[PDB]
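Read through the structure below, which is laid out as structure tokens, and then see the notes.
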2 protein chains.
Amino acid sequence: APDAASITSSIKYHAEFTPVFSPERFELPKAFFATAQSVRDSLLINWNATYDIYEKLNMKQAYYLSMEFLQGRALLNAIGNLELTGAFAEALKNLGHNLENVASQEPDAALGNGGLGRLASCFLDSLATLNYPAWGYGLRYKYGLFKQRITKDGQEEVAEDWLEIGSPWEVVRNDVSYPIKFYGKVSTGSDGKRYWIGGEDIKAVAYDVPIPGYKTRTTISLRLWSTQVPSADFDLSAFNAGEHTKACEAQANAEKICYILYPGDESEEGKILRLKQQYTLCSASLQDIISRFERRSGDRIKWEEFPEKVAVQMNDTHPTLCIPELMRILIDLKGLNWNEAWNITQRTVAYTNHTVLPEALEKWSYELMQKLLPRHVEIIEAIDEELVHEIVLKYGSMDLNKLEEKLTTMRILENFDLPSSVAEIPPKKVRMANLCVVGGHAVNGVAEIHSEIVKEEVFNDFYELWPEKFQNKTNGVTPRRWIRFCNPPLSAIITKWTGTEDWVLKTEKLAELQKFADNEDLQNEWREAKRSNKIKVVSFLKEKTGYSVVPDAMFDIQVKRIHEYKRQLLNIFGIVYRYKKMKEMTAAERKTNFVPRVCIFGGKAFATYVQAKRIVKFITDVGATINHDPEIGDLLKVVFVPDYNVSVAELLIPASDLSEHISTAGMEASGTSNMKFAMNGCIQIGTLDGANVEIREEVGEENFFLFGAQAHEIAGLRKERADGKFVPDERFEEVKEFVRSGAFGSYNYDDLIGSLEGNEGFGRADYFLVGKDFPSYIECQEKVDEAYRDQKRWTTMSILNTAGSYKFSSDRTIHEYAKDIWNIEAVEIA
Amino acid sequence: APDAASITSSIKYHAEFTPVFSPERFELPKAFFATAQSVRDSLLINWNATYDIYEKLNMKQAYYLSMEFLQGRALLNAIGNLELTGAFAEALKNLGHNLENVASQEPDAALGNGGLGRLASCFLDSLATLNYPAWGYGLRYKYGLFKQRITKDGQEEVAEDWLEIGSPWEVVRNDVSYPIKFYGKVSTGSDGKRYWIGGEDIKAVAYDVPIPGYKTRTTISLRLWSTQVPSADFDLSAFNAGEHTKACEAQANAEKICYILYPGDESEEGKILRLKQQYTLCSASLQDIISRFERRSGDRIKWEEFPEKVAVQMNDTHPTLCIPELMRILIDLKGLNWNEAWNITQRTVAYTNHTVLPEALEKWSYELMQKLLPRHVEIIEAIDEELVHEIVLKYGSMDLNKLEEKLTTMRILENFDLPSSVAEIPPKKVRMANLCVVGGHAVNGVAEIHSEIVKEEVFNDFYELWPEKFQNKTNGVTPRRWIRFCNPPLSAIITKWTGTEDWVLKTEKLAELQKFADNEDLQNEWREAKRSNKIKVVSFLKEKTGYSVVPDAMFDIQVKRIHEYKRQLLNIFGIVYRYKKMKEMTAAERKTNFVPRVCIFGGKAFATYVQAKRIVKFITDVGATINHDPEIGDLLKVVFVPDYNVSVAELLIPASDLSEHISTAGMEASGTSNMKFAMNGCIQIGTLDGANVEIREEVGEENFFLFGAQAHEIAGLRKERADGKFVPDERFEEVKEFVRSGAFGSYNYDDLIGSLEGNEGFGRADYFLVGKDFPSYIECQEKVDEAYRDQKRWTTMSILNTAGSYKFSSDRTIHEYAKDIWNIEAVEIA
């Protein structure tokens, strides 16, 4: 039970005796490392305790596979969950530092990109807090995706430095390395088994990141794979020769698998790298899982017990190769027979779907996949046949015309021949999505409506064939990271008013705030807290954007991936309109119609996506103009926060008044940031999509600004534009014109406005219905502006957003996956 | 004052809480790391204590710069010098390991190649043991030079794996990184100073290896540089594009500087890499030294005090660039004037020469050096002028004919114009050797005769000009590593007979063994010890060479770089003759004429040197034949030990009866292995060269087998061969014929014997006088064979070799450098 003085000793040791800097003085970077190593000392104890019980008990374990994890900063949650935030703060006090300054030294772990990763992370927090035996598997990416600079010219991208010094959190396990093979060829032995030989050979080495549960000892693992090759493979002959580049090739080719996340896949080179990434994750992970299976199994090792001991969850279609790979292992290596293996596979593997549109789902060149993972392609053709035969088995051959339809939809191989078939240069592809539906026992969506969409549109025929497969698992975020730790003031209020502090665990108690949403004491507290958080942000904003804003404005935040479909363009247009109106007013006329705002944008544009990058450039200029216009002062500010990541979100979210979730209706599957915002009392303006629907429902429609056409309406509305039956609002034109006037400086925005004009053509014709939804939007913003004036109302809406949150705790989501998909029971780590 | 139980705790912590392997079980690799980290815990204490006193006292510090350090294994010497070998052995006992098994897990640190490096290492041991404030600077090479496999085909080379897991000994100092610049161009500012801009920019990051003194706290540093480039330089644009190779280029180009040691320099590519290595060492090191100077200097920072506070020692001509670089810094950066700077430079920098022949000394393409380090080339031309003018100043212009001679010899630029000169496409080069003689206050050789040779041949005119420069500093080896630790049995005897244990420090007490060299008790001990060591080797030999040898033979060892001039060819020829004779004898005729031998060869052949590699292949075959010939049994064994390195030498040397040092007379500068052997009571057969001369003198000519033509005689003897006035012995032909007979199997040795035939031609005509010296050699071996029969004699020769050693302690050598070159006084670390 370590106290502050003990921890002081702890920090001092690691500072001197496990050092990574010169001995002189205790600067901040040194202090961080020492603190982190110190914390890890504890994580390792519990990691071991857990690891041991899991080995000895040999219960069923679950394995979450994801290409991305968005872990962000570890320090505060680690000490938080351990319940030592007090002792550590004190310990750093005596060492002449303060906790928040130390903690802000730590880079965000750049292991993920979007909500896909952040889901995975939250899940691990829950999995561990709830004592459920489960691990994550992922790649250990060196340079993340990219770090975002915002420059005069817009967005520039640069490689993440997170590992420049190295991560004090991770643990290398040198004795955990597996062989991964690419390319090469297959043959048959005289035992009649298949042999996959030749190609390229590389290792995959495990790195463990401990994940401590909240108020428990259960400490699980995010095990990350780093690809490499033994030093022997360095070609001394070539190097001494003079061909330095050439000598390195072997190792360069192996390590690049782990360099960056979603590498550019325009090139054939990129696509291959992608496959190599995917395969590496699956192969390495499965090998490790199986190894552990056997190990725990002693002598009485039975392969029919496998699915009762192991569950693999494929987070989206990237870990698709788990299905063929596990077959391969169970057949070629463990020497079971096909049905045995396939039954084991299906009862192990489950699929989680994340996409609404059947084209977001990934497809691979037959030629290319077959050339890289030849033994897999075999196993895939096999399953494609078996499937074809079972489609034929049901339905019958009476309909012919309809059976022809069902094959072309449901078949894993696209543009292939059937094997034997009554029938009386289009490229050959592999539909990974289809493969995932076939090989898994479960296919889940991530939100009521989305799960419905997979059942009834995306995987239509499949649902008819095997309904018992399809499910929903509505997404969530951990209340640990997203309330308890990121928002200390709100936490204090919540604890006060709900009586206990159990709400961090038993998050339903948030609902008890309901009764008090009028209470004017609680409102006064709540506003003090929300202000206090904004104060911090003002400082941040200065340091990062160079812009001094006032805390006494509405914080109007849209932070997410800078895409046309997310319609940053909409929000900023709305902002443009507000500004134009302001400029054509008297000074106290301005005051009257507009509440003071700070409109906060953040998020990353795909490096190569010319429009998205133009959008970012626009927002910065709009800002530049508005912020330095003296006619506007503090009535409106526009900032673009550079390099939005977990840590940024941990800072903006607690301090937000309004969050924008304004995608073209129906196009989002779930969302997670909305859940996070709601939890902190932020009110949401948005369209009816994803979990906007479910949040709105649960917080109450009176505490959520809704606007714009709904999902159903979209088909028709494009139709309309294409027929020339759309009439733009004249306020919409007013903006477009105003931009064209060179109003935001001398950068030319012709091309940008171009995407919003015409009735056809790939980039033209406002396909994302910004002009359409624009009236309802600015209209809805009026309502907002008004509700902000009625502070007693606004504060109730706030409080109720929080009180509605509890169902979006990832604890709930994990309890569900655990009981309705994996089937694992909580293991106590005494 | 840590005891065994404390150390047990220590090992257990580092095992669990600073781990590098899975938690399960305490295997040997895990045990090593934990022990090493444990040891380092202590090294770091003393490293800091030292570092601190050195900062506070601000006395003069010395900096030894070498391209190679041959540190070998650290564990046993670390615990040895700390005096904890007892506690650690016990601690590992309780953890269920034994010390020697643990210690044999540790790779040799692959930071050096030959004696040049091993000198440097020994020096550090002394420097630290003697409390002299001094550090080493070197590059941190990833893959060493190469690891040697011995295969059926001979020698194969492969990249060193020493860092695959990483080194538990080293300490990264992230806040110690310096800029290194290559290429680019120079200009003049309006301040009239020179500006070197553009080119390539890379970092150099310090890694510290603590070096603990014996029975002291003085723990100094071997600071190693690793070259890299910030992550920002990774080209995301290129990577996502698809040109993976291209994106990496920046970082690949920077890191390769530290990949391997003496990279192949056939190519222009290789030569540039070499220069980059050299420069990196000098620049990084000087920057660090100066930084520390300034830091200690506070306010009263005076650049005329510099040489009184700093001495740089250039180990051979590689760190030559220190001279121009230090000028550059003192001028362009610190803004002194030329004379001020040049005076500071000279009074700082000293040269150590290692070569006998004026062509072993390195020369650089003007074009290439000027293109890479343009600002240096300037400074070099400057010095070349100043020199030219001072040559002219003395001597006068009266002789013309002779002044013309003195310029072409002494000038740093080869094939250049004089500036103003009375005179009434040969490539342009820079003579680094000359530059070193000019810029330094000292030029030393490494052995009496060698130092003489530099004075009177190599740097002839220079000596006349500045005699006060030239010196000698006879080489040495540390009695810590080379007696006290590597030979525990001999150590026990030595302590017994010399009364104290002070002989590890006060190594002159070895001479007291003299009086007892007859004493038959001491002989009995001595032989038991030497046998005990051989026992270990028998085991080793089996495991590595696959050959079971008997301990009850003479151990006849030639371990050094496999070159024609070292004449491995001679020894093996001698071996061939012995074998032929044996085969033409009766069984007890064999017994009568030949003592049982195990002839041990080891050492590395330059990868590309076709003859050297053929030689190695020969020795293995000779072995193969002799070892499995049942007519020979245990009378003769020939083994080639693969991958000779410090650790191997620590094992063979204690167990040796006779060591071979049989270079073509006069060609060696010093040698160190001979010193090591002598110390362990090994008797030496050798030619009169290097320190063979000085060892022979000191142990006594009656305890050293000498043979073959002397230095003076060599010129004449080549002359003779070239005139066709050489007559080969018919025993020499007997061997050649015997080989040609296909006697050693079916590999063809025509080309090999070829080098030994003819009177001219580059590879032909036995230029190394193997045939010449062959009679005296085999003759001398007879004497040996005989003296081995007279065990009382043999054991006295042994004992006296040890008693003669004391003067070859590197303590002596360092005391001398310290007082007669650097001028530093012992600093007590209370």
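Lettering and numbering for the structure tokens are positional, with chains as A, B, ... in the shown order, residues counted from 1 in each chain, and ligands counted from 1 in the shown order.
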Point to revise | 6 Å contacts from chain B to chain A using only C-alpha atoms, as number ranges by chain | key: B: 17, 20-22, 41, 158-159, 161, 172-175, 231-232, 240-242, 263-264, 267, 269-270
With C-alpha atoms kept, could you save the residues just selected as an mmCIF file, in the first residue's frame?
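Output saved as out-v2.cif:
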data_model
loop_
_atom_site.group_PDB
_atom_site.id
_atom_site.type_symbol
_atom_site.label_atom_id
_atom_site.label_comp_id
_atom_site.auth_asym_id
_atom_site.auth_seq_id
_atom_site.Cartn_x
_atom_site.Cartn_y
_atom_site.Cartn_z
ATOM 1 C CA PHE B 17 10.327 -4.734 -12.684
ATOM 2 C CA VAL B 20 13.049 -7.731 -20.974
ATOM 3 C CA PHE B 21 11.402 -11.193 -21.054
ATOM 4 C CA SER B 22 8.073 -12.920 -20.252
ATOM 5 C CA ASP B 41 22.974 0.056 -10.218
ATOM 6 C CA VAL B 158 27.871 -12.481 -40.485
ATOM 7 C CA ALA B 159 26.654 -9.321 -38.721
ATOM 8 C CA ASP B 161 23.954 -9.695 -32.902
ATOM 9 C CA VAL B 172 21.391 6.684 -23.119
ATOM 10 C CA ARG B 173 21.696 10.434 -22.517
ATOM 11 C CA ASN B 174 18.952 11.876 -24.697
ATOM 12 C CA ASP B 175 19.850 15.394 -23.639
ATOM 13 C CA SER B 231 11.669 11.541 -36.806
ATOM 14 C CA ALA B 232 10.469 14.704 -38.544
ATOM 15 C CA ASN B 240 2.326 7.015 -48.598
ATOM 16 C CA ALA B 241 3.164 7.621 -52.248
ATOM 17 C CA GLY B 242 4.697 4.137 -52.345
ATOM 18 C CA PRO B 263 33.270 -0.517 -43.729
ATOM 19 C CA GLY B 264 34.487 -1.705 -47.133
ATOM 20 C CA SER B 267 33.787 2.067 -53.532
ATOM 21 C CA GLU B 269 30.533 5.153 -51.335
ATOM 22 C CA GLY B 270 32.687 3.360 -48.742
#
Applying 9 Å and only C-alpha atoms, which residues near residue A:623 remain after dropping the ones on its own chain fewer than 4 positions away? List them as a PDB file with N, CA and C atoms, in the first residue's frame.
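Resulting contents of out23.pdb:
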ATOM      1  N   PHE A 618      -9.488  27.034 -45.384  1.00  0.00           N
ATOM      2  CA  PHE A 618     -10.580  27.994 -45.344  1.00  0.00           C
ATOM      3  C   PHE A 618     -10.834  28.433 -43.903  1.00  0.00           C
ATOM      4  N   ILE A 619     -11.047  27.451 -43.021  1.00  0.00           N
ATOM      5  CA  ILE A 619     -11.411  27.696 -41.638  1.00  0.00           C
ATOM      6  C   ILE A 619     -10.365  28.592 -40.978  1.00  0.00           C
ATOM      7  N   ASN A 627     -11.124  37.093 -36.313  1.00  0.00           N
ATOM      8  CA  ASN A 627     -10.470  37.230 -35.024  1.00  0.00           C
ATOM      9  C   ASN A 627      -9.822  38.598 -34.906  1.00  0.00           C
ATOM     10  N   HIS A 628      -9.282  39.085 -36.032  1.00  0.00           N
ATOM     11  CA  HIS A 628      -8.554  40.339 -36.014  1.00  0.00           C
ATOM     12  C   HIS A 628      -9.408  41.513 -36.493  1.00  0.00           C
ATOM     13  N   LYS A 637     -15.085  34.402 -32.128  1.00  0.00           N
ATOM     14  CA  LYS A 637     -13.745  33.899 -32.402  1.00  0.00           C
ATOM     15  C   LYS A 637     -13.859  32.571 -33.162  1.00  0.00           C
ATOM     16  N   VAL A 638     -12.963  32.349 -34.136  1.00  0.00           N
ATOM     17  CA  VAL A 638     -12.839  31.058 -34.805  1.00  0.00           C
ATOM     18  C   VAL A 638     -11.392  30.584 -34.666  1.00  0.00           C
ATOM     19  N   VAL A 639     -11.195  29.391 -34.086  1.00  0.00           N
ATOM     20  CA  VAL A 639      -9.869  28.798 -33.973  1.00  0.00           C
ATOM     21  C   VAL A 639      -9.894  27.382 -34.551  1.00  0.00           C
ATOM     22  N   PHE A 640      -8.775  26.977 -35.168  1.00  0.00           N
ATOM     23  CA  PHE A 640      -8.556  25.594 -35.558  1.00  0.00           C
ATOM     24  C   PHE A 640      -7.419  25.019 -34.711  1.00  0.00           C
ATOM     25  N   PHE A 744     -12.067  36.823 -47.137  1.00  0.00           N
ATOM     26  CA  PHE A 744     -11.258  36.152 -46.130  1.00  0.00           C
ATOM     27  C   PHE A 744      -9.778  36.183 -46.517  1.00  0.00           C
TER      28      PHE A 744
END
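Nearest residue to residue B:654 among B:297, B:154, B:483, B:257 is B:483, counting only C-alpha atoms.
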Point to revise | Residues within 9 Å of residue A:718, only C-alpha atoms, excluding chain neighbours under 6 positions, as an MDAnalysis selection string | key: chainID A and resid 726 759 767:769
Exercise for review: Show which residues sit within 12 Å of residue A:294, as a ChimeraX atom specification. Count only C-alpha atoms, and ignore same-chain residues fewer than 5 positions away.
Suggested key: /A:55,58,287-289,299-303,305-306,309-310,334
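Within stretch 626-656 of chain A, DSSP applied to the backbone places the following residues in strand (DSSP E or B): residues 636, 637, 638, 639, 640 and 641 of chain A.
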**Study point:** residue A:36 surroundings by only C-alpha atoms, 7 Å radius, close-in-sequence under 4 positions cut, as a PyMOL selection string
**Key:** chain A and resi 32+40+75+168-169
Take the residues from that selection and put them in a file with C-alpha atoms, as an mmCIF file, in the first residue's frame.
data_model
loop_
_atom_site.group_PDB
_atom_site.id
_atom_site.type_symbol
_atom_site.label_atom_id
_atom_site.label_comp_id
_atom_site.auth_asym_id
_atom_site.auth_seq_id
_atom_site.Cartn_x
_atom_site.Cartn_y
_atom_site.Cartn_z
ATOM 1 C CA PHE A 32 8.045 12.454 -16.362
ATOM 2 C CA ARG A 40 4.726 0.945 -14.107
ATOM 3 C CA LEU A 75 -0.119 8.528 -16.674
ATOM 4 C CA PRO A 168 8.204 4.104 -20.410
ATOM 5 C CA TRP A 169 4.901 2.226 -20.372
#
